[PDB]
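A short write-up of the structure that comes next.
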Amino acid sequence: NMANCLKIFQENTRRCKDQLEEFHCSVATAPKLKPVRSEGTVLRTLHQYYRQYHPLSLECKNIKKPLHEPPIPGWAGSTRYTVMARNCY
Amino acid sequence: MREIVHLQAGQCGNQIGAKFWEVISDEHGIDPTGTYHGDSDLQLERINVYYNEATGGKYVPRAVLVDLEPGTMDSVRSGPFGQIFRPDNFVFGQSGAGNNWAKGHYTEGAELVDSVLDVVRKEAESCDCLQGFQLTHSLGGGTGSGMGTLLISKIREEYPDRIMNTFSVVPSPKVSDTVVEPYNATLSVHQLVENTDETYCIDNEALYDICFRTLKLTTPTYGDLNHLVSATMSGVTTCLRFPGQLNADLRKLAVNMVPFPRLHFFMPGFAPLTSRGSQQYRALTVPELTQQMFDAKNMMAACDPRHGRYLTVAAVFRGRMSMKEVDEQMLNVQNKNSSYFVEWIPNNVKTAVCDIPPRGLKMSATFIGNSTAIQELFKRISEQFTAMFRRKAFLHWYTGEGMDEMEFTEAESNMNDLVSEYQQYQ
Amino acid sequence: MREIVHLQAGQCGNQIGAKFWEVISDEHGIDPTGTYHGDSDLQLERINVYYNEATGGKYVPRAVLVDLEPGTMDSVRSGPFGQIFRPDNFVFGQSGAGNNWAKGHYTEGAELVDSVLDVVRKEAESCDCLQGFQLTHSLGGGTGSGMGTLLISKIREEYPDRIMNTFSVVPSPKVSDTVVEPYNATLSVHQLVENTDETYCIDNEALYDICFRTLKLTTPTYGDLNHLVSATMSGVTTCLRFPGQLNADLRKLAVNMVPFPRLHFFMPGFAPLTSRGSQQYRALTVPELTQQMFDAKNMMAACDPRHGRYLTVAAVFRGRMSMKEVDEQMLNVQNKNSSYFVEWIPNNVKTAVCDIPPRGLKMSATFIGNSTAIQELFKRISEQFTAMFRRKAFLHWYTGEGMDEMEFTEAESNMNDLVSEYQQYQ
Amino acid sequence: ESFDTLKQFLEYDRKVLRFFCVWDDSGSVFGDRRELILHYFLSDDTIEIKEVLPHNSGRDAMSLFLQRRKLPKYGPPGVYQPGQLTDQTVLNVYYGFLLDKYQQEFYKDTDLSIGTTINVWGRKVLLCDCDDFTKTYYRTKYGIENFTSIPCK
Amino acid sequence: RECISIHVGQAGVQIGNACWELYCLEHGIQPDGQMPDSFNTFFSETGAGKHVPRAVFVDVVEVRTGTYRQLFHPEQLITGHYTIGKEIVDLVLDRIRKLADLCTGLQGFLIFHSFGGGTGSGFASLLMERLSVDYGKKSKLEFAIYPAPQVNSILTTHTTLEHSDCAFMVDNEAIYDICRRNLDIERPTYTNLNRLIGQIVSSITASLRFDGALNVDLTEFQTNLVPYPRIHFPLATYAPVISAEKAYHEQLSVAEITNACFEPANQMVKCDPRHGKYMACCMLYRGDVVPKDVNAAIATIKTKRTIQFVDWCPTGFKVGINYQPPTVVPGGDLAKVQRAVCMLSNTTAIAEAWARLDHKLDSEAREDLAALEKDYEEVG
Amino acid sequence: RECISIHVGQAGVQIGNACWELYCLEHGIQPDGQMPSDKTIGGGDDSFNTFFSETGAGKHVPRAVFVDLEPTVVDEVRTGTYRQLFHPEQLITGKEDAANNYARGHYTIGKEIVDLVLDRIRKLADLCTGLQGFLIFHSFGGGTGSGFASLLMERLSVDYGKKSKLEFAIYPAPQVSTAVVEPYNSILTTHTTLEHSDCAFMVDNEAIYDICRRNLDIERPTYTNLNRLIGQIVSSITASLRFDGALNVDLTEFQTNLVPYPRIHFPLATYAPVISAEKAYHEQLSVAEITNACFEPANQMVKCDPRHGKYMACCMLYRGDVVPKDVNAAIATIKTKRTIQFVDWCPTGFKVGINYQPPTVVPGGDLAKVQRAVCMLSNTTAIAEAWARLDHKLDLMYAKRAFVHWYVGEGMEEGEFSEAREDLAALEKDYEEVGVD
Ligand SMILES: Nc1nc2c(ncn2[C@@H]2O[C@H](COP(=O)(O)OP(=O)(O)OP(=O)(O)O)[C@@H](O)[C@H]2O)c(=O)[nH]1
Ligand SMILES: Nc1nc2c(ncn2[C@@H]2O[C@H](COP(=O)(O)OP(=O)(O)OP(=O)(O)O)[C@@H](O)[C@H]2O)c(=O)[nH]1
Ligand SMILES: Nc1nc2c(ncn2[C@@H]2O[C@H](COP(=O)(O)OP(=O)(O)O)[C@@H](O)[C@H]2O)c(=O)[nH]1
Ligand SMILES: Nc1nc2c(ncn2[C@@H]2O[C@H](COP(=O)(O)OP(=O)(O)O)[C@@H](O)[C@H]2O)c(=O)[nH]1
Ligand SMILES: [Mg+2]
Ligand SMILES: [Mg+2]
């Protein structure tokens, strides 16, 4: 009874330490990546990344609201206000 | 066989416990997942004094994490060893305390103390033979002083016999972090002295000067502060977990420092502290460890011990050691420091030796000292209470929860009685 | 050889059957086409208690499901286990129940309850030694309290000595779901209490709160409300079908539980209720079941025994376990918390240990217990019935269904005497 | 030694390389197949991982799994002695310092690629996907193409 | 299962237009009638495939030659108290008996009308006592429409009040001011003012329409919300109404989608029940409504003393759940929401509106309404 | 946790216009109002829960009130760039102005929209689960920024009560002026909020023009330049509720650390890194230097000299990379300078909070990109002489009773001005009642 529990625990700890050592060897084995295209040119296409997908960063231009678009609830000057104001414009 | 229930109150106590439970995780070889990854069988043999065994081979720390607001529970849980505490051991409110005493003591602490007792007494019911209660809290906080001190009041009305030690964080002498620290400190000293068998007080000034003077760090982060105290708490409970030549449990020290029930205020320490650059150029022996224990510039806790007089000294050595050097160096530290000891006790220094040093060290030890130089710690707090209560500075927001001024004068009077009781040995 | 004929009343009964016969189907290892798939063979031995066996390897449950509206029946056949139920056993009405128990047997239910007498004593004679019937209905609805209560009453003539049973869905304390619960629940207790002897008590919020805090689901549904009642629904009758080393039927749980036929109202629970994120932190041992059984957060009823006193307790265990520790903790709970226990009875609690745990578990327990704290339920419904009957508010229906004002006073008087009976053992 | 931090902070302030991760666990008794969201911060070479709870709320919600410091590659290290984790040693003082001259590994972006398994303090988590910003960063910096999704969950 | 719908007057045919638009658009009913088991309770099963509607239109009757000429059976659609009812009421009873003879079991009987119409109130006050002498104690429903104050009213109260199980109170101006502060339908029309009450008549028969978890039928709220057999004239509000964009901005959960019914700004009639007393209520739910969050919402209202319950109703609540979200009409104004709440309640706060009607009017109807006023004061 | 802030007046809603972009930039919440699907921020998963609401569709709606009775600025706010992010009903629009009158916005034009504003705030608060308090964004010298804000403040305590009410107020400049009747509607709006406010912060106009002139290098600036700085300091005051750090401060900790009494609750506010990108990288922004900069009088956002007063409470709210050693090392030499005078009853005098989030910058905006930030909340008795000048102007002008006929014709009583003057006399007297040593 006690011997079975102790033997099971010894086998369990030994297996777990074995998998941990195998993981450590695998991290020691796995290859690394080296840079093609330099540091001074990855930032350039990152700069172009932030100017054709997300232009709002690095802009703060605050463009005006276009004239083909209906106003928020109401400030003055049937259907709902969205559709009615689309008909009005 | 003698298991310890840890109490973890506040934001301070939460971080201190969150890293004490990792210096006690590498000792017993507990991984972040919760499985035994140990090196020998000594830790496996008596891993019950801090850890509970779960059904799938997982090990679960046995401690209660309590704070009003959940902004600190998301920091302890997300840590490196944050996924081994129970979901049910994180008890929480909805609001915070915020540098106040009454909010954690009467009008909101009473609601959630009944929610922390339901897990504390459940936790003790799974214990085989409980030894006592360790608590980590801040004296200058709102939840450590508010809720944790309520727990000091509440648990020992149910278990009166068991031991009680607190790792308390006193306000710093030179620079403090909260304008109403002295109010909470004076209100907590009185309930501390009437309810705790022993007190391990830590100051951040005495950690910072060690990380400057001895450890020689350039940018000491707060984990570097909390490691010294976590090593201190791990090094006072050596003998319950490992065999040794002469083993001492918490009762065996508490019978050895306190002669009087109101003289239980201490001065922790830690011997093997070396710099990064000076690690291999220092001989690590008993004389150079005992030359680090009994100095003031390399000392933890708080005030200068040369301005007072020690009553007693405890020392818990770990590692294979020669007891003749132990006795010889303790006798010489009594003999050369004859002017700094009482004359009405023959032997003041206690000796306790366990066999196992921690990882990366060959021998280690922990200093514990009762002295009358702790009188100076409360002198400045009482001075601040007298200098701020005269104008009734923050008085109306303690009366904003139904509390009167009579208990404030009672706390000041009890602090004065305590600080005059230590005085008669000079 | 000991066969159970199953009668469910109302949409409540149909839809609690839709999950009880899911739990039974999982524990006896059958599939939604009715045949056998399970791993072991001892489950196939005593299938005859619940499943009627037909030619062609089919196990029809002995479940007769009655209702006054066919859409919930079509929803029952629309479930994952809607195939294994026979189509002949479904009894269907034409008009609604009107949130009253009158017309489910008087006007439209006369011919319909004549029709169920061709399925009650047909399915009974196919067995050999019918162990008993059992029911589950709702006291806040009309058809469950109409057909189910009279089928409780009508079945007493043909088979008196055979044990009957019911699981009563008492109305919700805080958020009521129907205004007729002062009538339709109280009117089934004055004379439909002597017909039954094993009345349990399952409450809607009493599953809500425990599913919130114990299982920790942000979005609970009725699919686990039915699971939590079905686990007790099958755990009461486990030794009937599964051999063990201490076998004890439901008649056992009747004899060893109640001293008088009037005092037979129970208060159940189920102990392995751990959150899915707290499975790996809880040591599934014998003491942690009987710890959780004696708590208000694992109580499947509205009332609280801390306000009352434990009269008798029952516990039915599973799994190959050793019975030293259950009796050790059992002697522990009779002695430490001795204030919440009733004198004039030497030992109060019955144990029943079988060998087979439910699939995926190793040990569990089922709770049955009467008390004087269930007085809190019937008084809280009686005060709301007496707070509205004095204004003669709802009598216009009841004048037109052949019920006069004598049986109203009869209902109030039976409530009064059953309440006053439960006051002496306080 | 390059002990300045303003380089990687100014030019890499708001760049986060996301990776979708999956931690399979059938060996343990009550482990669940918990998937994770990885965040590598190029600002200070730190790394935090996030949890996404599935439907019906199987577990509790903390919104954080690991905090804002660097991931060790060689498993969980035993904790060092106090003072051993400093970045630069120093001679004996004089409040000032006089530094020394005659005197640890961490995961970096060069190791995270689609198809590898990494060591988050002992766990067997597997990188499966990335977002389009991470695809662009690897396409430019390391020439990696065909960021094929690994079919999991 | 087979339900019926009767609608009286110009108001009746106009509200039946939008109500049957909702009914025909939940199912795959295109205006020809065919398909590309939820349909049988309002439509028949004809072997040719054209589903005959189970509806009777009595009386604008545009609806004949508009978008749906072939969907409506022209024999069922018929073209006011003592003269005109002699050749219509006994004739439309023939068609009612024709439709009832093919149904297996009839359960619903739904009559809609307008109080201000000669035909609309006269046939309303003819059909229900002709109903009493041919059908008996079967349930009948009345969701009446009468214009709000400040913008034949008593002639029908002495003959319909005693012989009606339920009667709502739909006021046109009271929906006119209910959207302009919430929606932005500036200058609301009339041909789609019945779209909202079309949504409510969709919600009242939801369990008859769709399957449910805790669902309840048409016969129950005329046996649950009625205290007394002569007085039961409740109200009905459908507060959770918004357009698509406010359905996109704010998050809709069950708790704060029911508070709008209890507040007077979305109370469907103008008379706020702060003066009155909440007698009892009725939850008719639909969509992704969970049984947990509802019972975490009524408990917050119950512990509030701003509301006032009557003394004799301790429970005072009623719950019915339906699976499907409401169906949004193309060309309508509803948002494709995932949850909605339908309200049924009777209050004492109707009595002050009828005292307003009393002193605005100011012979047997007069004394009967005065006695009704006194009885409603004594009850609450 | 939750937080709800209230902007009153065109000053308040313009502060929201030029401040809530920083709330949209702390997280990655777009001006459209969604989380971008390929670019991520990496700030946890609930750091947006306090200031923005989550909708199951995915879009994020804020928790704030922009109320104005005059349309010309709130209409610009809605019609501008954030036309979809803001909830439409959360932007309350009026139809007429106040014309620098407290009386109209407090009684006559007030009461017919305060009920709807109360409805909006009650709905928004009942949406929230862990609401911590209120923040007030309104002016003093205006009419609708004074009267409507005062009526909202006097209506708030009736409903909720004990929830904290923080104030961020705009004060008339000592040297220059915008309107002519500003002492009147100033002391009329500090008379009723005094019993309702908890810690009233203070913002001047010319005192931030000095900051934007000499530290930051802008000649001839406008309101948006200072509005961005105000937005920076209010976001840094709520920094620790949203992100994690060593020492954490929430909205219940400022009250317990700044004001000792209910009658002296007017601290001062200062933000230290106010340099631009041309000089941020030409000098080292050390923690010692940015700690020394906050105690220089030239950094103050209110035109007053604190050397003539006694410091009462301070509240450090640090940010980014901060070593806790140098914080104590800088505060320890803060006590060493005898030129900074301290009072005797506050021996500690400092509260420190650390966050691990760097101070963000609007991209291409005005300020620089730095790693450290200081939020100074200096409670001092030097705010009394900023009130003695307003009292002096009131005494000089009230003796001729100028412009009172505008107020008395809309619900005012002429005796209420004397009551407000005596209340401010008490508010002036109690400041020297604590100046005794
Ligand atoms: N809410 C609502 N009200 C309606 C609707 N259609 C009509 N009504 C109201 O009901 C009234 C119906 O008109 P009637 O009162 O019958 O007048 P009529 O059509 O000339 O009928 P007679 O006077 O008998 O000839 C109108 O005045 C409307 O106010 C509708 O679709 N919805
Ligand atoms: N510092 C600062 N002050 C502002 C800003 N915007 C407006 N103000 C203040 O507003 C004052 C001008 O009065 P207003 O606020 O426009 O008056 P109002 O609120 O519209 O009240 P009425 O004119 O009566 O409608 C100036 O004295 C400024 O102090 C701002 O962006 N920054
Ligand atoms: N030793 C130690 N002190 C701490 C820690 N965290 C905070 N403190 C100190 O505790 C004081 C603040 O405590 P406080 O935030 O009020 O705790 P709270 O009551 O939980 O909120 C400061 O003076 C800190 O120096 C810790 O982890 N260890
Ligand atoms: N406890 C419990 N209650 C249920 C369940 N299913 C339905 N109910 C309750 O049944 C009540 C209404 O059902 P009821 O009217 O009795 O259905 P009926 O039997 O057809 O009349 C509601 O309050 C529900 O909460 C269940 O599985 N468990
Ligand atoms: Mg008409
Ligand atoms: Mg304005």
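One is the number of the first residue shown, and numbering goes on along the chain from there.
Method of determination (from the header): electron microscopy, 3.6 Å.
Using N, Cα and C of the backbone, Cβ positions are placed for all residues, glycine too.
Around E:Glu220 (active site), taking its Cβ as the centre, 24 other Cβ atoms fall within 10 Å, counting all chains. According to its DSSP assignment, E:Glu220 (active site) is coil. The annotation active site is assigned in Swiss-Prot to E:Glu220.
Annotated phosphoserine per Swiss-Prot: E:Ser38, in sequence order. Around the Cβ of E:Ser38 (phosphoserine), a 10 Å sphere holds 14 further Cβ atoms from the protein chains shown.
Within 10 Å of the C-beta of E:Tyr68 (3'-nitrotyrosine) we count 19 further C-beta atoms, all protein chains included. Secondary structure at E:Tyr68 (3'-nitrotyrosine), as computed by DSSP, is coil. Here Swiss-Prot flags E:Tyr68 as 3'-nitrotyrosine, drawing on similarity to another entry.
Annotation comment: Swiss-Prot describes E:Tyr376 as phosphotyrosine, evidence class similarity to another entry. The local packing around E:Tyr376 (phosphotyrosine), expressed as other Cβ atoms within 10 Å of its Cβ over all shown chains, amounts to 18.
Checking each of the modified residues E:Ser38, E:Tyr68, E:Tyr376 against E:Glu220 (active site) by C-alpha distance, the shortest gap belongs to E:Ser38.
Candidate recorded positions E:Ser38, E:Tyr68, E:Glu220, E:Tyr376 yield E:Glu220 as lying near chain C, with Cβ-Cβ distance under 8 angstroms. Distance from the CA of E:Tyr376 (phosphotyrosine) to the CA of E:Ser38 (phosphoserine) is 41 Å. Looking at E:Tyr68 (3'-nitrotyrosine) and E:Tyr376 (phosphotyrosine), their Cα atoms lie 45 Å from each other.
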